[PDB]
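One structure is given here, and the rest of the page talks about it.
Here the Cβ is made from the backbone with ideal geometry for all residues, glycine too, and neighbour counts use every protein chain on show. Only the coordinates and a few stated rules stand behind these numbers; no lab work does.
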Amino acid sequence: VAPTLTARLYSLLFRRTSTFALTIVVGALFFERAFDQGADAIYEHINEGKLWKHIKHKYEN
Amino acid sequence: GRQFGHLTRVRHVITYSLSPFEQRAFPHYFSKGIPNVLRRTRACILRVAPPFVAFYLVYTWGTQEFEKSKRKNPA
Amino acid sequence: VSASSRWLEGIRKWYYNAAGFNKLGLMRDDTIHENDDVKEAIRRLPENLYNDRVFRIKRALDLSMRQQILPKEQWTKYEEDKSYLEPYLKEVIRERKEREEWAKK
Amino acid sequence: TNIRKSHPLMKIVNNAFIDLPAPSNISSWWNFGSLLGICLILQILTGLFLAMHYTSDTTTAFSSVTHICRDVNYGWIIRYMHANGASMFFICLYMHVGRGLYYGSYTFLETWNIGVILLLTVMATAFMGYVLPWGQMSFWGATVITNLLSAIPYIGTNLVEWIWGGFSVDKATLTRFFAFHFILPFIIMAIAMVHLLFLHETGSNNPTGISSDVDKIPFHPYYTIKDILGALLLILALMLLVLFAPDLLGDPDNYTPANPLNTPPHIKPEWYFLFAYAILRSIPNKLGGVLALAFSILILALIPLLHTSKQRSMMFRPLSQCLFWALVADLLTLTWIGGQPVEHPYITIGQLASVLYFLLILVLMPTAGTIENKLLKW
Amino acid sequence: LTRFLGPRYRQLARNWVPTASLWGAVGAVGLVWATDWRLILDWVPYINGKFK
Amino acid sequence: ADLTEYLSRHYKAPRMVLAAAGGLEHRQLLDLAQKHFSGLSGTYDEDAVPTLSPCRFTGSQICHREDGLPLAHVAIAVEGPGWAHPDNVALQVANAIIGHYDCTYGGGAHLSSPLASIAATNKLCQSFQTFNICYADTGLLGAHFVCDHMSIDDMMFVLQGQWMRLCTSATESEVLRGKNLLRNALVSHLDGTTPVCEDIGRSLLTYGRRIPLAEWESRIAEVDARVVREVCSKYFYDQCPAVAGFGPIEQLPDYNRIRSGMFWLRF
Ligand SMILES: CCCCCCCCCCCCCCCCCC(=O)OC[C@H](COP(=O)(O)OCCN)OC(=O)CCCCCCCCCCCCC
Ligand SMILES: CCCCCCCCCCCCCC(=O)OC[C@H](COP(=O)([O-])OCC[N+](C)(C)C)OC(=O)CCCCCCCCCCCCC
Ligand code: HEM
Ligand code: HEM
Ligand SMILES: CO/C=C(/C(=O)OC)c1ccccc1Oc1cc(Oc2ccccc2C#N)ncn1
Ligand SMILES: CCCCCC(=O)OC[C@H](COP(=O)([O-])OCCN)OC(=O)CCCCC
Ligand SMILES: CCCCCC(=O)OC[C@H](COP(=O)([O-])OCCN)OC(=O)CCCCC
């Protein structure tokens, strides 16, 4: 068995502080979209049929 | 201000310390933690509980006496 | 000497165990508040009592950090609480009272 | 040698937040020092961003606030942060003061008395802030409190009419309160720096009240991360009020514009003033109510003079611990009575709780420390 | 001004070029992310959630 | 009985080396070896063979506070590789750059080592020394110093800053100095029959052979600035040290602060 994922994460990304920062700023970019996309999906699901974007199609023209 | 090396005089005291990268940050968190929280509450519950219970009694009585004072009577 | 003085001593041992500094291994004179008289008395302690006071305070501060206490076997027994600082503090106060009585004349 | 230690600027930051020797055993009750600093900064940022849209004139003071919550981008989140941040400010202030009573920190006279001045100026700040939206409670809260100053003998009315700029709370009163509400938080921050100047002369107390010079640790990383964690809990408490219950602590009357003719039925302060509002109404006399109302807070400056115990902290003083929580529950009683009408039996309870407040601080708690000294034979 | 012209000072520049190039990427990616700069972000696969 | 058990267990012919150095032919030594050491059980004692298992290194700190002593002693180190590892040559070159200092040295401010220069100019210590202690598959690599109670922090700061400087930004000229210091140290030490006899005996147990001086020169000449940066980072950068303190050490930095001195945020 090769070394664990956390071990290869350290030597490859976290050892240098510069790459440690590049990992964070790149991880912040994808986390924002993935979290906002998922979080909004939970809010709209809990409030199905009540928000304006659900009743929007009725008043198209 | 005060600086390290000018604080006070200590002699004959040894201190052993482990690096944080070689020990657990949550060692026996529930095993020893929960018994210690029960001990910490039991050792202080008789100091803190009575006055807030005394408030809860005054709060309950005074709110009951308040409503029943304005309600009408056959007089 | 009588049954009533054992009840005054009985409540003093109760308050002692209620004060709870014996649970940290401390003694009564370890807990005293350091004013100028107390600081001088501590300054006059012999080397052995000073070093013992320092480690008990250090050990109690270490316990207070962890919110822990010692086992009951290692608590300070009320009968064994040594007033190691009172004879020094009584003499420091007596000297100050003399300086304060000369200042009146 | 080391740039962090020798540079004229960094050495002050280094000797305050980095290399400061701090006790190894200070508990969560010591986190409220930094949290007060955060609340003060948080109130200044949101306060400034509200001043970019608020106007201090009666014809538009109410609607300019409405203009923020409706039209301004994220104005509603900035306002409720400001209103609830003030309440979090007073939560932290009361924990901060209570920590000092219980653990004996008041023995630092200069640090403590400057704290009393910080409590008064923060109270005066929030009192003037509540006038600015110019709602019903904004007007009538200002009326009942400022009228108390007329009870001062021989200069009462002249002093009240000078603070008003007229004959009642009016246009001139609203504008200057905005100016004073602006200037004071910076005067507060400067006094908070002197508050730290006298503190670092001695270092922090600790839960035991025993000196910790034999066991000190650097403030960084141990208490930098502990204050960051504590600050994170503060944002949780604030945002729970802002995003799920922004109208819980506020009064609905303030959503009605001011009306000098129509009086609301129940004029109640914010929760952080109810204890002192109760003490005011429990005294029948007017001038006596003002003195008791001012003595309710200035009494804190007397605690160092009323310290009888040979021990500093209440940690090893059970008989004083019970009286300490009797002071909290008695203050929780005055808080409760303050938000209730002045009718039977609340009148009698408010008078008993008022006497119990001053009796606990002046008589009972000093007497307990003496009894505790005798039980330990010193 | 001309103290820093020699073999050693060129060796020091060599050793810090990989680091200085990475901090520039941290600053660049941090500037694009902080401002939602659509000129660069539109080319990234997963952050195309714009719907022009 | 404990001692005789220790002797019969360990003083066995396959685990000993008869070394000699000076005016003598190897024949008469080997003859004398057969003449006197033949009567010794060897090559099969019993099923009682000792074997050295690995030894765990632990990042940790031991602090013996004693304010009666006039100067503090501090020893800080990381885990070294062991006897047979080729990295010891490059490590000794890096240690030679940092070097060592004493208050009786004449150079003072003009010394090449930045730690020695700053230590002498600002009077941060009475002495310091680097070391690379070697054991089987492990070792202690670091430095030891002694200083006034108000110089423990400055001394630790300058020391760690030189480990980090060599890990990240070592230069070619100073590395040549470390190679030249090592060449002089190696030849100056093997001067006399007793040093050479020690080098023979110890090497046969550790290396299983005598490494000629010409081979040490080959490994030293292979070292350059890139080797030092790679080799120092392999053992120093972002590693948990073992710290030992003794004396007036109130100003000895906390272990977390010491651990933070093992990396640079700028790198
Ligand atoms: C003037 C303004 C009036 C406004 C009224 C506001 C309404 C009040 C609402 C009540 C909330 C109560 C907060 C929670 C209290 C928890 C207490 C606790 O956990 O137990 C007792 C604790 C014991 O800890 P020791 O340090 O003695 O020993 C520990 C060894 N394991 O001992 C301690 O930790 C106590 C430390 C001090 C806490 C301060 C809380 C009181 C706030 C108001 C004080 C105002 C004074 C003028
Ligand atoms: C104009 C546009 C500009 C945009 C720029 C965007 C940049 C985003 C951040 C990237 C910088 C990372 C720097 C870094 O990573 O170096 C900081 C430090 C390192 O971490 P480390 O000690 O593991 O050492 C690391 C050791 N290694 C490297 C060997 C693993 O990070 C920590 O320690 C501190 C982390 C804790 C976070 C909380 C701090 C906020 C304040 C309080 C918040 C709540 C109340 C206000
Ligand atoms: C804007 C208002 C205030 C701010 C920002 C502030 C901030 C601080 C800070 C950061 C500390 C050190 C850390 C800590 O002890 O938690 C401190 C300590 C202290 N403060 Fe305040 N404070 C304020 C008002 C007050 C008030 C109103 C009092 C009491 C009437 C007070 C009394 C004290 C005391 C006695 C200490 C020392 C505590 C100790 O060492 O244990 N301060 N303050
Ligand atoms: C210790 C600092 C501060 C405290 C405790 C505080 C407190 C308050 C409170 C409780 C209100 C009533 C808000 C409401 O009911 O809607 C208020 C209003 C206001 N404050 Fe502050 N404030 C502080 C600092 C500042 C600063 C520095 C400024 C200006 C730079 C400011 C500007 C305003 C404005 C414009 C209003 C009226 C808008 C509104 O009612 O939301 N505040 N303040
Ligand atoms: C302008 O009125 C503001 C009020 C408020 O609660 O602001 C936060 C308020 C509202 C209704 C009634 C009164 C109000 O003001 C106040 C102000 C107040 O100030 C003090 C607080 C503590 C100790 C003394 C005083 C005084 N005076 N004590 C009680 N109520
Ligand atoms: C220093 C203050 C900078 C203020 C910039 C600003 O507020 O944001 C404007 C754009 C928005 O992204 P875009 O893809 O719409 O682009 C629309 C272009 N107008 O963001 C940028 O392009 C960032 C540019 C940074 C240069 C220093
Ligand atoms: C914009 C980003 C600024 C980065 C500054 C920074 O993170 O400070 C350093 C410390 C951790 O590094 P260290 O103290 O181990 O030093 C390492 C020495 N080699 O981090 C913290 O814990 C400090 C808290 C800062 C609060 C604002």
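Tell me, yes or no, whether the range C:68-77 has at least one residue that is surrounded by fewer than 16 Cβ atoms within 10 Å (Cβ to Cβ) and under 16 Å from the mean Cα position of the chain (by Cα).
Yes, there is a match, as at least one residue in the range C:68-77 is surrounded by fewer than 16 Cβ atoms within 10 Å (Cβ to Cβ) and under 16 Å from the mean Cα position of the chain (by Cα).
Just to be sure, is D:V169 more than 16 Å from ligand 2 (Cβ to nearest atom), assigned to a loop (DSSP other than H, G, I, E, B) and either under 22 Å from D:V131 (Cβ atoms) or more than 14 Å from every other protein chain (Cβ to nearest Cβ) (or both)?
yes
D:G288: in contact (Cβ under 8 Å) with a residue 12 or more places away in the chain and farther than 29 Å from D:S27 by Cβ, yes or no?
It is false that D:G288 is in contact (Cβ under 8 Å) with a residue 12 or more places away in the chain and farther than 29 Å from D:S27 by Cβ.
In the range D:213-228, is there at least one residue being within 14 Å of chain B (Cβ to nearest Cβ), within 15 Å of ligand 3 (Cβ to nearest atom) and either assigned to a loop (DSSP other than H, G, I, E, B) or within 20 Å of the chain's Cα centre (by Cα) (or both)?
Looking for residues that are within 14 Å of chain B (Cβ to nearest Cβ), within 15 Å of ligand 3 (Cβ to nearest atom) and either assigned to a loop (DSSP other than H, G, I, E, B) or within 20 Å of the chain's Cα centre (by Cα) (or both), one finds at least one in the range D:213-228, hence yes.
Determine whether the range D:167-182 contains at least one residue that is surrounded by 17 or more Cβ atoms within 10 Å (Cβ to Cβ) and closer than 16 Å to D:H96 by Cβ.
Checked against the condition, which is being surrounded by 17 or more Cβ atoms within 10 Å (Cβ to Cβ) and closer than 16 Å to D:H96 by Cβ, the range D:167-182 yields no hits at all.
Among the residues of the range D:136-156, is there at least one that is part of a helix (DSSP H, G or I), within 14 Å of chain B (Cβ to nearest Cβ) and surrounded by fewer than 18 Cβ atoms within 10 Å (Cβ to Cβ)?
No, every residue in the range D:136-156 fails to be part of a helix (DSSP H, G or I), within 14 Å of chain B (Cβ to nearest Cβ) and surrounded by fewer than 18 Cβ atoms within 10 Å (Cβ to Cβ).
Restricting attention to the range E:26-52, report how many residues are facing chain A (nearest Cβ under 9 Å) and either within 16 Å of ligand 1 (Cβ to nearest atom) or in a loop (DSSP other than H, G, I, E, B) (or both).
4
Return yes or no: is D:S313 hydroxyl-bearing (S, T, Y), within 14 Å of chain B (Cβ to nearest Cβ) and under 22 Å from D:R99 (Cα atoms)?
Here the answer is yes, as D:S313 does meet what is asked.
Looking at A:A2 and the list (1) among the hydrophobic types (A, V, I, L, M, F, W, C); (2) within 30 Å of F:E230 (Cα to Cα); (3) in a helix (DSSP H, G or I), which single condition is not satisfied?
Single failed check for A:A2: (3).
Which one of D:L232, D:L240, D:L236 is within 16 Å of ligand 7 (Cβ to nearest atom), more than 19 Å from the chain's Cα centre (by Cα) and surrounded by fewer than 14 Cβ atoms within 10 Å (Cβ to Cβ)?
Of the residues listed, the single one that is within 16 Å of ligand 7 (Cβ to nearest atom), more than 19 Å from the chain's Cα centre (by Cα) and surrounded by fewer than 14 Cβ atoms within 10 Å (Cβ to Cβ) is D:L232.
Restricting attention to the range E:14-25, does a residue exist that is more than 16 Å from ligand 7 (Cβ to nearest atom), out of contact with any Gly (no Cβ under 7 Å at 6 or more places or on another chain), under 30 Å from F:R229 (Cβ atoms) and more than 10 Å from every other protein chain (Cβ to nearest Cβ)?
There is at least one residue in the range E:14-25 that is more than 16 Å from ligand 7 (Cβ to nearest atom), out of contact with any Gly (no Cβ under 7 Å at 6 or more places or on another chain), under 30 Å from F:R229 (Cβ atoms) and more than 10 Å from every other protein chain (Cβ to nearest Cβ).
Here is a list: F:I200, F:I258. Which entry is within 14 Å of chain B (Cβ to nearest Cβ) and hydrophobic (A, V, I, L, M, F, W, C)?
F:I258
So in the range A:33-60, with the set limited to residues that are assigned to a helix (DSSP H, G or I), more than 8 Å from every other protein chain (Cβ to nearest Cβ) and among the charged types (D, E, K, R), which one is nearest to F:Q239 (Cα to Cα)?
Ranking the candidates gives A:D36 first.
If you take the residues in the range F:220-267 that are of a type in the set (S, T, Y) and in contact (Cβ under 8 Å) with a residue 24 or more places away in the chain, which one is farthest from ligand 4 (Cβ to nearest atom)?
In this case the residue turns out to be F:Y235.
If the Cβ limit is 7 Å and pairs must be 6+ apart or interchain, which residue in the range F:120-149 that is under 25 Å from D:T1 (Cα atoms) pairs with which residue that is assigned to a loop (DSSP other than H, G, I, E, B) and charged (D, E, K, R)?
Listed pairs, sorted by first residue: F:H149/F:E250.
Is it fair to say D:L332 is more than 16 Å from ligand 6 (Cβ to nearest atom), of a type in the set (A, V, I, L, M) and more than 9 Å from chain B (Cβ to nearest Cβ)?
Spelling it out, it is not the case that D:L332 is more than 16 Å from ligand 6 (Cβ to nearest atom), of a type in the set (A, V, I, L, M) and more than 9 Å from chain B (Cβ to nearest Cβ).
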